[PDB]
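All of this is worked out from the model, or read from it or from the source named; no laboratory instrument gave them. Here the Cβ positions follow ideal geometry from the backbone for every residue, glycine too, while neighbour counts run over all protein chains shown.
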Ligand SMILES: Cc1c(Oc2ccccc2OCCn2ccc(=O)[nH]c2=O)cc(N(C)C(=O)CF)c2ccc(C#N)cc12
């Protein structure tokens with residue numbers, strides 16, 4: 001009911017990001033949505049004196065046919081002054097279950113600072129560049145902006161005060177337009193509790209981190225080894241020696257002495273078996289000196305393994321993985337690599353939000369033009385992470401399979 | 001007098017920290033001064049400008065060419081940024097045919113849009129006096145001056161706000177703004193169309209804006225931005241290929257401009273060689289001889305540009321189709337159409353700069369470009385016709401290490417067909433010979449060696465001059481491919497060669513990579529295995545090639 005003064009970082013102008021083309025159906029959907037929002041005073045038309053712009057598009061979330069409006073506030077979030085903070089709940093990832101709730105509508109009841117509204121300008125484009133586009137700016141807290149949860153924070157605490165006082169065993173976290181609620185109850189009790197919370201907020205996505213762990217490096221267990229088996233084992237151990245100091249491969253490479261055929265069976269000497277067992281024991285231990293630094297970026301690398309299987313590693317320093325996983329879920333994308341990749345990026349970003357409270361920078365194994373052409377067709381989250389593109393096939397792919 | 005509705009003004013500011021212009025007025029001749037005095041007196045009588053006192057410290061030079069012309073370049077430098085008047089040029093293929101298309105001249109509205117009162121003081125200008133024996137006449141603008149930074153955008157937004165209710169309550173017509181001209185198309189009867197045109201002139205008159213009762217000068221065929229627009233078709237303005245004995249750089253840039261421009265409707269235009277001649281020249285007057293490939297290309301262009309070709313307009317009730325053909329040397333051509341033999345438009349795509357490539361990646365890139373262009377022009381992705389078998393695409397994307405995707409498409413049997421030229425095995429080959437390869441070079445003398453040893457005792461080491469480590473690693477693999485049968489296993493420690501080959505190219509800058517590709521094509525089964533170097537892996541002979 002009262003506006004808080006918001007400014008930009010010193011020396012930075014507002015965002016001036018080009019709007020990318022949209023299909024006719026998304027344009028019509030955004031026309032309906034923005035007309036309704038204009039009727040509700042949430043947005044207002046602007047004149048040509050506003051040179052700022054932030055891209056906009058439309059999606060369809062899970063289990064819903066209604067179109068939704070997404071704004072790519074990445075540039076504005078960068079250029080928006082730093083708001084202050086709350087330490088990240090280290091117990092949210094340890095909880096048995098976590099549920100994600102969309103609380104974006106609550107942001108629209110709080111007005112936006114007068115002098116800052118011009119920086120939230122966005123354009124509905126026209127087909128074939130008929131017009132310069134329908135231009136709008138926000139009057140309330142917009143979904144996707146980083147200042148919206150920071151400003152609404154006090155109100156959110158006031159709304160969640162009775163529920164948090166009633167259940168001290170439930171952990172509540174907030175990120176952008178999402179509320180993460182972690183507990184240890186039964187799925188039915190968790191769903192009834194989630195309905196209790198949603199009706200609690202009314203009058204004012206099953207996720208199980210406990211079924212997630214870090215993945216160790218495993219070596220094959222064979223009774224007979226071929227030259228190729230031993231060559232790949234030596235390669236994988238040589239790679240792992242960058243992560244684990246004591247990995248030793250000289251006794252196994254000793255078997256590869258001579259120019260033998262790749263499919264020839266080679267028996268392991270006792271020195272080789274002992275070296276292999278020592279390597280197994282070393283690989284059973286965690287990595288030495290692996291810590292998280294909140295002042296650094298999180299890097300997420302993804303490898304396509306085929307047959308709908310994908311691997312990923314989250315780290316900050318090379319060979320110091322903070323998280324590793326394998327997303328192989330099949331959700332109506334059996335024939336579309338890019339859709340699988342986009343869902344993978346969304347899931348990894350969600351995990352990263354739960355663990356560290358911020359998104360990572362992705363290294364995507366896809367050409368820039370393909371990804372930038374199709375990723376918005378399968379996006380369903382309210383946030384958007386940063387990403388770069390890997391053009392050279394990494395050798396370590398199979399070492400994560 | 002009928003009360004005119006006032007046009008809302010747009011608040012305009014200067015760039016932060018900057019101040020209004022203060023430029024010295026040039027001395028003018030007596031006749032020029034008299035002309036500007038007459039013109040400015042009339043304009044003041046009409047209300048476009050107003051006289052001001054000496055308190056205004058700002059000034060903008062004035063000229064006469066009569067015709068008054070104000071040089072607002074400084075005020076433009078000092079004026080805030082505005083939203084673009086256009087995010088791109090419309091394309092004729094995106095237009096939807098109309099029974100009637102009328103043009104209305106709204107030029108007299110340009111000086112009828114008021115300027116922000118607080119900003120008018122920055123538009124001050126002075127007419128010098130005769131012999132400079134009196135104070136010059138001081139003026140400032142009350143409306144959007146021609147040449148000022150913000151006039152087109154403010155004019156367009158004002159006109160749009162005025163046209164908004166008329167467009168809303170007449171959905172059976174289409175109104176389009178272009179500069180000081182409106183374009184109203186409709187499929188109604190010619191009488192109803194002219195009637196609603198008169199209604200539009202009325203609605204515009206309710207803001208005092210005047211459209212000429214005279215018939216407009218523009219009439220079919222419309223000439224616009226190098227385009228010819230006809231009642232039922234469109235094309236480019238006549239492209240004529242010059243007949244030159246010798247060609248300079250500006251002649252080749254004019255020719256590649258005419259060919260790139262003509263390529264949007266004329267199918268099969270190629271610009272590879274002619275643009276290749278401009279590589280690293282940076283000299284406009286330099287005369288460059290003409291290769292024979294550019295002669296054959298130019299002759300094909302003159303054959304294609306012989307007789308006129310037209311494009312049709314867009315019909316949303318019909319599907320959108322885009323067909324692609326490979327032309328060679330990284331060139332691709334495509335046609336977008338809805339009915340056979342009647343194209344909406346055509347185009348071409350050249351491969352990006354790269355050291356290694358294959359036809360499938362290039363076709364993918366072309367499909368992405370066509371998809372983006374089609375979403376721009378028509379707001380939907382077309383259905384594709386591609387010269388590649390379904391099984392080929394499935395093998396490719398299933399085995400490709402990157403994620404890739406092409407939208408809905410179908411195979412068209414039009415050679416040349418995009419295919420996969422080789423596929424590496426996933427497991428070692430039983431019964432095939434195993435070639436352990438290696439190559440090495442000296443960094444100073446550039447002397448190196450490349451060779452292999454095999455399980456059957458076959459060996460080879462070849463010395464090489466003026467070489468590098470990477471070249472010797474590739475050369476080793478090439479030697480193994482040369483001297484082996486139809487099925488071969490190859491063991492290397494070169495992360496470089498494995499990085500190249502795992503990208504699956506079929507063409508390359510390096511002739512050595514091309515030779516390796518030609519060897520891989522002739523083979524039946526090739527399994528390429530990598531091992532770490534210098535780890536005592538027998539067979540892998542770094543010492544054999546370091547002698
Ligand atoms: C004739 C015209 C435009 O045409 C149409 C205007 C209104 C409705 C539909 C239309 O095209 C349908 C197809 N069509 C086309 C021609 C015909 O004779 N009959 C037809 O049915 C559109 C333009 N552009 C690109 C604009 O941006 C207008 F602001 C023009 C720009 C400059 C000039 C000139 N000098 C002419 C333009």
- request: Answer yes if at least one residue in region A:110-128 is within 28 Å of residue A:199 (Cβ to Cβ), surrounded by fewer than 19 Cβ atoms within 10 Å (Cβ to Cβ), more than 14 Å from every other protein chain (Cβ to nearest Cβ) and away from the ligand (no atom under 16 Å from the Cβ), and no otherwise.
  value: yes
- request: State whether the residues of region B:360-375 include one that is more than 13 Å from every other protein chain (Cβ to nearest Cβ) and surrounded by 13 or more Cβ atoms within 10 Å (Cβ to Cβ).
  value: no
field: Number of positions in region A:80-92 that are more than 13 Å from residue A:175 (Cβ to Cβ) and either assigned by CATH to the domain that holds residue A:190 or out of contact with any helix residue (DSSP H, G or I) (no Cβ under 7 Å at 6 or more places or on another chain) (or both)
entry: 6
- request: Kindly check whether there is at least one residue in region B:144-163 that is under 22 Å from residue B:51 (Cβ atoms), away from chain A (no Cβ under 13 Å), more than 37 Å from the chain's Cα centre (by Cα) and away from the ligand (no atom under 16 Å from the Cβ).
  value: no
- request: Could you tell me whether any residue of region B:88-109 is assigned to a loop (DSSP other than H, G, I, E, B), farther than 30 Å from residue B:317 by Cβ, within 36 Å of the chain's Cα centre (by Cα) and more than 16 Å from the ligand (Cβ to nearest atom)?
  value: no
- prompt: In this structure, is residue A:7 exposed (fewer than 13 other Cβ atoms within 10 Å of the Cβ) and more than 13 Å from every other protein chain (Cβ to nearest Cβ)?
  reply: yes
query: Among the numbered criteria (1) more than 14 Å from chain B (Cβ to nearest Cβ); (2) over 16 Å from the mean Cα position of the chain (by Cα), which single criterion is violated by residue A:392?
result: (1)
query: Given the residues B:422, B:478, which is the only one that is closer than 26 Å to residue A:235 by Cα, part of a loop (DSSP other than H, G, I, E, B) and more than 11 Å from chain A (Cβ to nearest Cβ)?
result: B:422
- prompt: Out of all the residues in region B:339-355, is one or more within 21 Å of residue B:419 (Cα to Cα), out of contact with any strand residue (DSSP E or B) (no Cβ under 9 Å at 6 or more places or on another chain) and buried (at least 22 other Cβ atoms within 10 Å of the Cβ)?
  reply: no
statement: Of the residues in region B:394-407, those that are farther than 21 Å from residue A:368 by Cβ and within 11 Å of chain A (Cβ to nearest Cβ) come to B:394, B:398, B:399
- prompt: Which fully enclosed helices (runs of 4 or more DSSP H) of region B:203-311 have 2 or more residues being in contact with a strand residue (DSSP E or B) (Cβ under 8 Å, 6 or more places away or on another chain)?
  reply: B:249-262
task: Collect the residues in region B:164-182 that are buried (at least 18 other Cβ atoms within 10 Å of the Cβ) and within 11 Å of chain A (Cβ to nearest Cβ), keeping them in residue-number order.
output: B:175, B:177
query: Does region A:376-392 include one or more residues that are out of contact with any strand residue (DSSP E or B) (no Cβ under 7 Å at 6 or more places or on another chain), assigned to a helix (DSSP H, G or I) and assigned by CATH to the domain that holds residue A:309?
result: yes
- request: Examine region B:513-527 for a residue that is under 42 Å from the mean Cα position of the chain (by Cα), within 13 Å of another protein chain (Cβ to nearest Cβ) and surrounded by fewer than 17 Cβ atoms within 10 Å (Cβ to Cβ), and state whether such a residue exists.
  value: no
message: Every residue in region B:199-226 that is closer than 13 Å to residue B:162 by Cβ and either within 16 Å of the ligand (Cβ to nearest atom) or within 14 Å of another protein chain (Cβ to nearest Cβ) (or both), please.
response: B:200, B:204, B:211
statement: Residue set B:126, B:134; condition more than 16 Å from the ligand (Cβ to nearest atom), in a loop (DSSP other than H, G, I, E, B) and either surrounded by fewer than 16 Cβ atoms within 10 Å (Cβ to Cβ) or more than 42 Å from the chain's Cα centre (by Cα) (or both); output residue B:134
task: With the condition kept exactly as written, say whether any residue in region A:39-58 is farther than 15 Å from residue A:120 by Cα, surrounded by 18 or more Cβ atoms within 10 Å (Cβ to Cβ) and under 20 Å from the mean Cα position of the chain (by Cα).
output: yes
